[PDB]
There are 2 protein chains.
Amino acid sequence: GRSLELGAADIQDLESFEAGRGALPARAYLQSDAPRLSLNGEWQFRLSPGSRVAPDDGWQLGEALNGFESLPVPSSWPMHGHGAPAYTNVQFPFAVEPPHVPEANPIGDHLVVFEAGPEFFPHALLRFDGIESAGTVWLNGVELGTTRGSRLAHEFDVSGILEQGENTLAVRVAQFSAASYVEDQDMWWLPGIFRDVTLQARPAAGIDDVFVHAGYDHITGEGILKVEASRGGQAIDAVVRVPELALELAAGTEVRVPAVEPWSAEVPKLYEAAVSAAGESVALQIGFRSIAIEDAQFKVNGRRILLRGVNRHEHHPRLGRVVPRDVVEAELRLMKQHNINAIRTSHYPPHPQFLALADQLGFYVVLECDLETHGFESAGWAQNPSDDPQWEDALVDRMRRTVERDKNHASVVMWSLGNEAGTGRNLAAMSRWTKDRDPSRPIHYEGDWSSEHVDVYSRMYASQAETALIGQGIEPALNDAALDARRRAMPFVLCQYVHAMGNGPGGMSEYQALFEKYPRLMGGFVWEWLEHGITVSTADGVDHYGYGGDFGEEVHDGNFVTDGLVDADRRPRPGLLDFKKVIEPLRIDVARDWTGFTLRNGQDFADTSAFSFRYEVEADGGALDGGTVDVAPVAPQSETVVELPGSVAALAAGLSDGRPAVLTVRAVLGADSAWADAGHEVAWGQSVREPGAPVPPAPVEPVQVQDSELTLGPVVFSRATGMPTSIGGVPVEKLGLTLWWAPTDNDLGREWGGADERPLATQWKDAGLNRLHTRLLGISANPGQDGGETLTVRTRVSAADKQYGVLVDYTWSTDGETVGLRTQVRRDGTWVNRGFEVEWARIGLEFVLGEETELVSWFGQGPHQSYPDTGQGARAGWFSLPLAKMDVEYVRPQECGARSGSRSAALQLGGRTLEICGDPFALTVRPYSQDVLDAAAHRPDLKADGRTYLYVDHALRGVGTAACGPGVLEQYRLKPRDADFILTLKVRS
Amino acid sequence: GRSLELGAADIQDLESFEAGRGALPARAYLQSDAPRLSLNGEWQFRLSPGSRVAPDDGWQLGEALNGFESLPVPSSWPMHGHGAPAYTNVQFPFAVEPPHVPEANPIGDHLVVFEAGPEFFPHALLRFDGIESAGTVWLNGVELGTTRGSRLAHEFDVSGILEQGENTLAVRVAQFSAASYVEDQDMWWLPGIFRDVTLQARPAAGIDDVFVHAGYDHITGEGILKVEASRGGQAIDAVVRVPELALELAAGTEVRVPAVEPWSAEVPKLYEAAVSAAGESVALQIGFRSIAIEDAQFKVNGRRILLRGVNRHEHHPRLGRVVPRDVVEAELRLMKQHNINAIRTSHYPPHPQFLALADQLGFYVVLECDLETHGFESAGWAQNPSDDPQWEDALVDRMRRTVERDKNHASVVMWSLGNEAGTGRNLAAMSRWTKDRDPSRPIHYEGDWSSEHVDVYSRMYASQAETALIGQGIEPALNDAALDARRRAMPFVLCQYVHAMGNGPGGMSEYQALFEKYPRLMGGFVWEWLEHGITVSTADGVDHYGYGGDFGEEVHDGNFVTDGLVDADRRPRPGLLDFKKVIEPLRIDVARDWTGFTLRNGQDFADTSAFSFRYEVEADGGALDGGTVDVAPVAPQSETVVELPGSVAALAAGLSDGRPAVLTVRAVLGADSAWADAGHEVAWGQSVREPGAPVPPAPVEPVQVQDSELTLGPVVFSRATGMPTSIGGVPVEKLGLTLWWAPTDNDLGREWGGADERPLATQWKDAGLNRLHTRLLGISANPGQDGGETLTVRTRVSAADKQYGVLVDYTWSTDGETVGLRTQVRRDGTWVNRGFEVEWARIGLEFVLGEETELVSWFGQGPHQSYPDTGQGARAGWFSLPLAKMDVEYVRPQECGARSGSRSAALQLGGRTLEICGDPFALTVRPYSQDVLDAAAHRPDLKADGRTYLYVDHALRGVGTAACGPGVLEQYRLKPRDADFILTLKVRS
Ligand code: NA
Ligand code: NA
Ligand code: NA
Ligand code: NA
Ligand code: NA
Ligand code: NA
């Protein structure tokens, strides 16, 4: 019979296993003096729902365009109202049947008219730095070719096709193609021509490609320099000039520069250079550095380095995969400002302009090829393109374009084959190709744990325990003795760790101590730098971030795309403030007697001469003493004890007992740097003189009794419930025990440890911890002092359908001014439910007050939140914030905002002030309840109800990283137990 | 110190382990000529939230009532806006810490003024037939006592307290008490004075209690009669008269009536009798029957009986636990009309008036004590009141009041100790007490499988397989040899089986065949008779039923209270129509040659003389022949072959081949009965002459091709998709394969069989069956006949992120009038997901039509729905219903309304008619999509969208009873497989 379906030819091309056709050889991205014209700007665009209905109406000519409208290019076109973004993590959004594509496949036709002056003849090309996922390119109706590899560059010769004057460039882009099966990164699906489009003249006697080789001999101090230059794939005559080093040499010859200052992330020394032929000159920035593996350590310039890293996706909350240059520069500065020294380009090459900025600002870069096949894992990796010989040419092409583009940049210290792509013959082919092309950079790939085709051993989210075993070289052996010996000689990197989703990440300090202890450990890269929030404006014009499912997706992964150290607009999350402290490159340990501090220089290359060392003593009234102390430069990996002026110690000795005072020593930048202004804080340490325990008020005030109320000084109690209804005139609507919090993203994750396959959030719901009930057992007034009395209220807390509970006793006392509150908690019954021991989130009290709080002040840790396994960046001091600024604007609202280690607190309720003191407690204050917080999926769902929710916790659980990787470490868990704690309360005007 | 809490005395009483205080001895409910006054009517009512704030303001006197309002009594007070109903199944709504009660405990103060004439002096009492859960009673300010046992009667002597003329009765009712721990039935929590309140004069020389003993000697035909009569607990002189039997005897003497007609559910013969003393006469209805266990069979009057039973809760959708008498009478008639002969009073004694109606209409009754402690199971039965000696007196009191009230009623054939109360010493004490008081009725209790203290072996939801083993006496042995021998000599009853929640129950026929095969099997009681829906009126005034969670409950069990054979207003569900057929008491097997039918009388006592046997032959045009055939009475458990008139067989022989005709033989009531009018259908059987296969149209019409459309006779196809866009001018918006349906309540239940602990609904979601995607592979026109052509469209169906699929090929053909459609389905890949084989709900097609359907007609099974393991009550015939009447109004919308076994169908779309024919298919038609159906939680969420959703299924899965008990039996499951089926389509005006 006769074939009748439509669009079969277009679909066959989209199903191609091969790389793009018609492109020039892959090469470096080079700054050249050749004439160039950027075609970025306002293009014309038409969208069709699939190949079979994509018109074949000659639109490529620009004449009588039917159905086109203006669209910026570069762009991710769903960010501009054409379709919508869609988020999946691992799962494909289409049926898995490679190489076939779904019928619903957005086809975007792009068209731009431009003018080519005489400087673009006789030879020129068109460059495309990124098209997701399949491009077909026509110029003046003539097909140039196709693009595969969404984040890779393609160039097409236009000689004999480009015309003098007006030209018409047409590009048909398909969202889905066979290449989608190898681009399954955990991120938004966003088609478009999302990077630069450039016309570049190719003058005769020019330079097509350049390969910089700039090594460093750390013994002699020599630089080893060879700059290759080619045209049409052939080495050519060219002259290399490096003026700062008094150098003129031929391209292609290796020389020995007697002395060079070596490049590192800490000291990113770059030498300006130019390589030029008769027709073209290329400008280079040369950093001399050598990379080697020896004694199972990753070494640069002869030294083991510590990677303080993040995984960087490219995302912008309004432009999608288009990241404006100013945002790139700003976020790299922000990384440096938080002590980061390393970046993994998860999981594809970045915009080409990123490389020079990393060279300049100083980051160790893991440059990763555009390859991920994670969605094949759930079928046992059946049909995985990574092990399918039909995909070999396509995957080698991806690696070749990755390597060729960025090979000249000192910041790149490892090539990565891809991410979560299983094991297979094509990964081996990619590795062999890279090792042969560029032996100067070790190869990284986590997906094959046997590490057969790599030079470093990489894992993601390995526990602190397994990392310690690896650090000692005693992890279990591979079955193959030869492969085991190879891997045991490799250094070890965590390419992803301490998953930073929501409240968290907990457990960072335990990893860092191992990094410092064991040379084989290279460090780690946090997952991830940024949340992929997409800005949404609601009915009222109130902006907030959207995540998976908020754009009508049929299958999605929710807020797992919002898992970053900064939000999509680069505002730090608390996790980044903690991370900065965890990875600080200097350690400052202040002596308890305030005579001095131990200073350890944790850097690998630089001394301490860039830093100014400042001290300040702060007390309740303010600063009492402070200044700068001169420190002879301390070498990398060396230590010294720095004396503080005698006045500081003398001040500590004269302090009256119980008066709190904090000595803080900081290392700040002595001068402006390329990434921060002078005075920027890099490291700090403290010694605290703690306030004395608040003496409980003498119980000299008696209990006065009325039919329905009891009064004890400034406290009024309901006689029916035994609970206070007001304290100093502040209405108390509720007081009770808490054991639960609104689950974090981590609490919604499964702990793949133990026989319990429920997330902690589910364990808590099953146990009833979110719906506690209180029974009153009795109320008694007991003799106090000089006619005074204490009031003891006995209660039992439990939950419907449960037999376990806790006996909670409140003992109240007052001298008329201060109120004393002792709370005693005693376990009743066995706290087991559905066969497993119940764990608590906290041991604390919730005060619900009938008035709003405008201001929260405290002495403790701050300014930001802290939980048992977080809060490293929260330092001791006196803090005060408006109520709203106590919250944390996580995209999915969740437990957050607790200030652990508080010794005193003050809430301003309009005109009066409520003061809380006692042994250390955690402090949280909110204008809405925990049930409202738990129910809210986006921040607009949070609405104040005119009350104050005050949380005073005697104990808290950690937050961990159970959303992906380890849960809460054993020492931070909270099993049911007896407890007792004392508070004082005071209300003033 | 000094005690200061409030209300401690009230709470201490509520925590009492003891029975109520102050009541007269428990006795029978008796029809007496003693003067009586019902105090039912409009009372005054005040509600307090708990004991500690319940006023002690002297309200018991009726003077200056502060805060009282009118309330009907009897009532469940949350049904009248005081609080709200709350539904839990097993879980308690309060902390489990017996005997303690929560602080939130509705306290209802009831008050009524009444007048007592001289006939109520000097002696009278007040009777309360039910108070949930704790009552305290005052008369004229004087405390009478308290009530415990919510569904049990209490009487208080008011001699010397009742006054001539005006009196004031005050009752304080607490919702929760220690007794709540032993009243954990799966039902709504509903406090109130919910049964009659009566003043009764007690004249001197009267009769307090009566115990009827009326046995039957099945050998001699004698009745064995002894009527005991007592006053103040002492046997008294009284005369018993039974006029119909020519009897006058003294109370307390056993006599032998020479001949009596025995009582059974089938023939509920009752003799009017009176026992009288000088001061009082009591009217009785005496049914002579004897109960015995012999040869491991439960026998009445010397015959093993088959229980065709339901579990009857007391519920009314607007009045709660108050069931108006007219509703009781109507629903018992409805039970008889659906062949039911047995009732279990789950799980408490019914209203006292129920007993006489069961005597009269004829049901075997399992009368169950008010005891259930199910909520202790989840803590390993720790603290279970059933094994706590401190609860012995309270639990024996419950059993004593249960037995004493109803002991005179022939319909009661077993006493049940309670339900789901574990095992324990107090259950044994209850059994010992009952066996001693009334040896004439065997004891039932399912909670102790060892059956130590019972006379029958009872289970709930035992599988058909285990029931077959029990029926053969080869179930596994108990560890105790003595207890094993006892239990193996017991008959076996399913006190609850074939859970009737939502679409279902499936698997009824397999149980019934075992009941018929094995004498040891007594039968079973369906769970349950009625859905406990509560009527709710929404914003627009649209009524619907609410279930758990719809009334603000903190903990609840959702729609598990809507699990009945009839809805709360007693409208039959399809399950009741199927059940009636399953348990029909006669079997009618029509010969294939239409010469006669085999008639088996499945009754235990009655012959067939109450029935008229009618036949009718029906064809497309209408009835062709019919009449009545005289049948000599067939004895119980006997069989005969009844000849039909020769004209019927002659008609079958003359039928042209392929013409459909149905011979139906019915057994209807020959005369009015007490429960249905003459002509009521009891049993039926059929023989069908099936229509010949529709010959496919000759493919003489060719495919005409256009740029974007293909036309083949009356079918227009999209050339882009290959699917029809119209058939005979009827718009087709979508056509595709189906494998999924909107989960039933059963599909949301876990199959505790196999290693997969996901409900089927979850298995389907995980597998993507609800989100199928279709890829087009090709379209071809092939040579047909005489220039005609067929059109074959090749597709593959799968789901996002899955590698398995099905190849689906559509072959279209037409002669211009009729359209032929062949569908071929071929498995592609292994249909396994998350480690388990995927199961399908169906193999079918969904047509989405762009116009509404007003009427659906078909030849097949009807009128109601049928699935592979249901539809017994759906008979063969021609049916036609408005679209809305094809649906089933389940409270939670779910898959329903399929008509299996359809051979032809006709949809009326405005003016035109769409006809479907072919080999048997299942037919479903809806005005909304499956996704709308699945998302809808209540019926108002269903909204028509102006389309027609037509489902034609080649195969369906069964529905089972997985919500509670067995899932779908193996033979009704649907594993992925290849399939092929043919349809013809025709559109007319
Ligand atoms: Na991934
Ligand atoms: Na993520
Ligand atoms: Na939330
Ligand atoms: Na139960
Ligand atoms: Na139920
Ligand atoms: Na539904």
Side-chain angles (χ1 to χ4, degrees), chain A residues 1 3-8 50 52-53 88 90-97 100-104 375-376 378-379 382-383 554-555 703 705 708 710 719-722 768 771 773-783 789-792 796-803 805 828 833-834, chain B residues 1 3-8 50 52-53 88 90-97 100-104 375-376 378-379 382-383 554-555 703 705 708 710 719-722 768 771 773-783 789-792 796-803 805 828 833-834:
Chain A
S3 287
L4 293 175
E5 67 272 6
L6 300 172
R52 309 192 191 266
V53 302
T88 71
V90 178
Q91 57 188 329
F92 286 109
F94 42 75
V96 181
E97 44 160 348
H100 305 288
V101 301
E103 296 294 325
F376 288 85
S378 70
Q383 306 193 254
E554 175 199 77
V555 302
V703 178
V705 181
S708 74
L710 315 174
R719 200 167 174 187
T721 73
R771 49 178 174 86
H773 292 344
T774 306
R775 186 169 63 84
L776 177 67
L777 281 50
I779 304 169
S780 306
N782 293 333
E789 301 179 303
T790 63
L791 185 76
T792 294
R796 185 176 181 276
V797 183
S798 186
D801 200 47
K802 308 309 179 179
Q803 292 197 14
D828 195 11
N833 187 71
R834 273 161 123 114
Chain B
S3 287
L4 293 175
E5 67 272 6
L6 300 172
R52 309 192 191 266
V53 302
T88 71
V90 178
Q91 57 188 329
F92 286 109
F94 42 75
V96 181
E97 44 160 348
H100 305 288
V101 301
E103 296 294 325
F376 288 85
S378 70
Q383 306 193 254
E554 175 199 77
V555 302
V703 178
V705 181
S708 74
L710 315 174
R719 200 167 174 187
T721 73
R771 49 178 174 86
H773 292 344
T774 306
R775 186 169 63 84
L776 177 67
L777 281 50
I779 304 169
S780 306
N782 293 333
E789 301 179 303
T790 63
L791 185 76
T792 294
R796 185 176 181 276
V797 183
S798 186
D801 200 47
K802 308 309 179 179
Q803 292 197 14
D828 195 11
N833 187 71
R834 273 161 123 114

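Just so we're on the same page: letters track the sequence lines, and every chain starts at 1.
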Minimum heavy-atom distance between A/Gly778 and B/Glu5, given as atom pair plus value: CA-OE1, 3.5 Å

CG on A/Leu6 to OG on B/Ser708, rounded to 0.5 Å: 8.5 Å

Partner chain A: residue of B/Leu776, B/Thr774, B/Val53, B/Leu777 with the largest heavy-atom pair count (under 4.5 Å): B/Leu776

Top contributor to chain B interface from A/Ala104, A/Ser798, A/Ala720 [non-hydrogen pairs under 4.5 Å]: A/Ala720

Which atom of A/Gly375 lies closest to which atom of B/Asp801, heavy atoms considered: O-OD1, 3.9 Å

Interchain contact, A/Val797 with chain B, by part (heavy-atom threshold 4.5 Å): neither

Part of A/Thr792 within contact of chain B (heavy atom distance under 4.5 Å): neither

Proximity breakdown for B/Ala8 and chain A, heavy-atom pairs closer than 4.5 Å: neither

Atom pair CG (B/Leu4) and OG (A/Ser780), whose distance is rounded to the nearest 0.5 Å: 6.5 Å

Value rounded to 0.5 Å, distance of CD in A/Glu103 from OG1 in B/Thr721: 8.5 Å

Which residues share a salt bridge (charged side-chain N to carboxylate O under 4.0 Å, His left out) with A/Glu97, sequence neighbours left out: B/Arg775, B/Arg796

N/O donor-acceptor pair under 3.5 Å between B/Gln803 side chain and A/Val96 backbone: no

